[PDB]
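J.: Structure, please.
(one chain, ligands or ions: 1)
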Amino acid sequence: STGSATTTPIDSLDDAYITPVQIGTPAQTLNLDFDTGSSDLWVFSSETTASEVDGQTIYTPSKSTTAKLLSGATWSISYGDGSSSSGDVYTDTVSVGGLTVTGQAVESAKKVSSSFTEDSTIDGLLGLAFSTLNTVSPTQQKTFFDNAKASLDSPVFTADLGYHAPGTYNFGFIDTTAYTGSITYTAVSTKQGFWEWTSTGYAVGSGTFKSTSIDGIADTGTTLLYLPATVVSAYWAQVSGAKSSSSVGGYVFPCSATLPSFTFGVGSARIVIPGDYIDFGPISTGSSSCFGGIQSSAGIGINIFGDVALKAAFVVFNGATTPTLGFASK
Ligand SMILES: NC1=NCc2ccccc21
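T.: Numbering: from 1, shown residues only. Below, you will see the structure:
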């Protein structure tokens, strides 16, 4: 089998991407944040604290003839931005772009933190990291991809995120029309539960390439590109007026600036992030100070190849016995 779904930025800044997901019988379609940085499928639901729902579409298990309460199971998760959610668990039929999994763990939110409440466009998350990170207790549950894998034509999924435009998530095949040149594959460590790999270096604008190993994770659920402070300092030093701001929380730059591109290495191959991808707009409405899309990972404890980097590429999440990651230009 295969599936193919369109993913859409939630706002004009590409702050995140939502993909329609069908849950239950009859289908309830919710717009979920496909997150290769986490491993829980959780949704706003009829069980969510009334006051914490503000425009989201909810999953109502009582309306689904195929939903079953997973007895005694609970979940609780905290993400890297300090956000969190928790609740109970159902199993139900879940379909993504024509690909169907029966008996998928659908984690129903009883509580969500304010950032979720405040974002009416995201109805929940669909995790695509390794199931070893899944938070369900006392019986850990598998991800949609893990459950579908044996059924797929090939045990892969691909992420093709757009810059201020829709993109695609494919399951089970590689669309050879969706990228240019060849796909370069690179080793993955699953030891922390992530799609963790090692970039071979970087360049700033028309700068010479710096060969240096940068370990980090391919994370579609993170908006920005988080890299070592040395790398980030080298980038922003090429932008007149750019500065690290403690008050704002990162590098800012004049909104009048033209940003240089940023290149990262995949083996001997190179992926170029155009400068405009690194502009995340005024720090506050009306400000002429803009927030940077490349930020230091110092204090995060891990480098993150978030959407700013991934949207520059066609990315293969290869779920074979020994997983690997592939990158192509597009
Ligand atoms: N993977 C993720 N990075 C940041 C974040 C916030 C909320 C949910 C998922 C993520």
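J.: Count the residues that sit near the residue of the stretch 101-250 of the chain found nearest the ligand.
T.: Ranked by C-beta to the nearest ligand atom, the top residue of the stretch 101-250 of the chain for proximity to the ligand is residue 221, at 2.6 Å. No exception for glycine: its C-beta is placed from N, CA and C like everyone else's. Neighbours of residue 221 under the rule other C-beta atoms under 10 Å: 23.
J.: same question, the one 3 residues further on
T.: Look at residue 224: counted by other C-beta under 10 Å, it has 22 neighbours.
J.: Please point out which parts of stretch 296-313 sit buried.
T.: 296-297, 303-313 (16 or more other C-beta atoms under 10 Å).
J.: Likewise for stretch 202-220?
T.: 202-204, 210, 214, 216-220.
J.: ditto for stretch 169-178
T.: Per 16+ other C-beta under 10 Å, stretch 169-178 contains these buried residues: 169-174.
J.: and which of the residues you listed is nearest residue 256?
T.: Distances from residue 256 to the buried residues of stretch 169-178, taken as C-beta to C-beta, are shortest for residue 169 (35.6 Å).
J.: pretty sure that closest one contacts residue 19?
T.: Yes: Residue 169 is in contact with residue 19 according to C-beta atoms under 8 Å; the separation is 5.8 Å.
J.: related to what we said a few turns ago, any idea which of the buried residues of stretch 169-178 is closest to residue 65?
T.: Using C-beta to C-beta, residue 171 comes nearest to residue 65 of the buried residues of stretch 169-178, at 25.0 Å.
J.: ok, that closest one - contacts?
T.: Residue 171 makes contact with 2-4, 96-97, 99, 145, 148, 152, 156-157, according to C-beta atoms under 8 Å, 6 or more residues apart in numbering.
J.: What about the residues you listed, which are in helices?
T.: Here DSSP state H is the test, and these give 145, 148 as lying in helices.
J.: follow-up on the earlier one: common neighbours of residue 169 and residue 19, please.
T.: In contact with both residue 169 and residue 19: 5, 7, 34, 96, using C-beta under 8 Å, 6+ apart.
J.: Can you lay out the buried residues of stretch 296-313 as JSON lines showing distance to the ligand?
T.: Output for the buried residues of stretch 296-313, formatted as JSON lines (distance: C-beta to the nearest ligand atom, whole Å):
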{"residue": "296", "distance to the ligand": "16"}
{"residue": "297", "distance to the ligand": "13"}
{"residue": "303", "distance to the ligand": "13"}
{"residue": "304", "distance to the ligand": "8"}
{"residue": "305", "distance to the ligand": "11"}
{"residue": "306", "distance to the ligand": "7"}
{"residue": "307", "distance to the ligand": "10"}
{"residue": "308", "distance to the ligand": "12"}
{"residue": "309", "distance to the ligand": "13"}
{"residue": "310", "distance to the ligand": "12"}
{"residue": "311", "distance to the ligand": "15"}
{"residue": "312", "distance to the ligand": "18"}
{"residue": "313", "distance to the ligand": "17"}
